[PDB]
Structure formats: C-alpha cells, structure tokens
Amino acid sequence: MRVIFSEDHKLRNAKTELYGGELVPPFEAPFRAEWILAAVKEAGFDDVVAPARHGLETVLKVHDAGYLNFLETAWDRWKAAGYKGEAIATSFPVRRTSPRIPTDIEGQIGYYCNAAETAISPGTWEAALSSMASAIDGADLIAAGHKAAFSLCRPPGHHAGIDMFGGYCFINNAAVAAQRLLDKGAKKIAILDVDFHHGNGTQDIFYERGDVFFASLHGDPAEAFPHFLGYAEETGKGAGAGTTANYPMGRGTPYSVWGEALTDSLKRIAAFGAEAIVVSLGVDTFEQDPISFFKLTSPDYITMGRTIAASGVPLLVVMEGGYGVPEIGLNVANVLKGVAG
C-alpha cells in the first residue's frame, strides 16, 4: 500500500495556539507526522513517496477563490500591518452581521475563519499546498486502479469549509481528493470521517451536492469542537438531500458503541452507491487523546480498517487529527493493517 507524504508539511511549524485563554505551543505540530511516518514504516508500509506538486485546478472546485487568495497572502499582509504575534482572528461574522467582505487583514482573517485557536504562520500556505498534493496523488492512485492508499496529510483538512479555515485546517484535503476522483471519472464518491471531531468543513463543502456522500462519527457538538455543526438532524439540502449522515456520540464512547455507528454509516454509503470511499482518518478517538473524549483502544483501529475495507470498494485514507502521544502512529498503522489484511 503506497504512502504519499511530503516533507514540506514542516513548513507549518506554528509557534502558538490559543487554548484555555493562553497562547501555547500547538497540538498539531510537526512531530505528529514524524511519529505517524515511523509507525507506518515499522508496520511494513515502506512504499513512501513524495507527491508531485499540483496547482489549483481541483481545489477551486471545492474552495472559494477569494478564500484561497486570502490564504496565499495572509501571512505577508499580517506582518506588513505591523502585528507582532502570529495571525489570529478576533472578530467574526456571527449572528445578524453584514455579508460584506472587509478590505484589511484584520477584518479579512475573521471573515475567512471559523475558529481562532488556529494561527496562520509563515510557511502555512506552502505546507497546506503540499498536504493537498499528497491527497491528490493518493486519489490519482485510486483512480488508476489501486484499492487502497494512504495520504499522510499535514496540516489536516476536515474543518476547512468552502471559505473558512480553523481547527488546524486550511485546505480540505479529503474534499479535494473526492473531487479529484470525480474529475478522473467517478460519478459517486463518499467521504467517511472517523476523526473524533465533526468534519464541519467537509460537510459544508458538499452539503448541497449529491455527488459526494458525507458521513461523520464524532463527539456530540453540544459538548465538543467544532460546536456549531454535526447534529444528526443535518441530512442535506437541495441536490444534497439525504447525503449527509452525522453520528454524534457522548463522553466515554467505546468501540462497542462507536462500531455500531460505523456499521450504519457503511450501510448508508453502500445504499448511496459510492464508487470509492475517502476516509478522513483522525486517531483522536483514542482513549489517551489529550483533547477528546472517546475510548477506542489500539486494537480497535485494526477492526475499524477491516470493517471499512469490507465495503469492497477502493479506499483512500487521508490523515486528519490525533495528538499528544507517539501511539498516534501505532493507531494509524493499525487502520492500515486492517485495510491491507
């Protein structure tokens, strides 16, 4: 099983994250990619290749052009405005605001952000483009006939919506991969988001689209980030009617419960007729994850990968979250073992 990974993830090495009212070093840090890469190699997945670079063709079909233009120059503009910290939004277009886009950097960073814990730092845009490239090359392997591949994306993607960054995410890698599979000839694709957090960005991108089914298992947004999307009642609008499926779950959820939601999501995906599944894999569902409240064990990730692959359709696994301990690597490698076994 080929692993696509760019060393350019390291260009995002942000100094700060707003957490508990303090500016602390970020949870989503380069050591994550080091730990995951080492563990997948240790598990025998040593066919590791860098992605080819890609321009914006595919990503323009899932993200707004203004948003992408904003990300490309955000750091330069923040620095030119004289601010001394990293680029962190403060004002947001919340209830009953104007829809207009501000012109200056402080207004625009808020316009284009859903979550202020995520700072833009020098190298962020380049890192995000490299992470997108890993997702695109992974998709191309699936399009060309492989039944499994792993895109070791960093930074992650699933909180990036049509025109907003947040939750450590800038470009929605999984969305780009799904779009790439459609562009290569698929008519129906599913994204299955097993990260602890709701993929609100992914949901947003496809909410009014019927070509990509979106399923997410996650901490209940009533008491988990991203807080403002991910309820079970959200099933899609217009052309997207019936193609969003959210499975919010509570504190302490173990695999015996979580796996029942996985089974149901896979039934939904099969009834939709997905030609391939892009798996948004976060391992922050782990019982020792520092920011999450599920209780999956390391062996459960093998079961998970096996069950998803038993769909009998090709899988692209795209890396999302999972923090704090190097066992994030074991957990990811275990999903791949379940897929490959």
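In case it trips you up, residue 1 is the first one in the sequence shown, and so on.
Just going by the entry, 192 to 200 versus 107 to 115 on mean CA temperature factor gives the higher value to 107 to 115. Legend: mean Cα B-factor per stretch from the PDB entry, 120 to 128 versus 138 to 146; the higher mean is in 138 to 146.
Each of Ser98, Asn172, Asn246, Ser256 has a CA temperature factor in the record; the biggest one is found at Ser256. Of the candidates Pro226, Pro155, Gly166, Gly238, it is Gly238 whose Cα B-factor is highest according to the PDB record.
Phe70 sits in the highest third of its chain by CA B factor, as recorded in the PDB entry. The PDB entry assigns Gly20 a C-alpha temperature factor belonging to the highest third of its chain's modelled residues.
When the CA B factors of the chain's modelled residues are split into thirds, the value for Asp284 lands in the lowest one.
The entry lists a Cα temperature factor for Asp47 that places it in the highest third of the chain's modelled residues. For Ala14, the recorded CA temperature factor ranks within the middle third of the chain's modelled residues.
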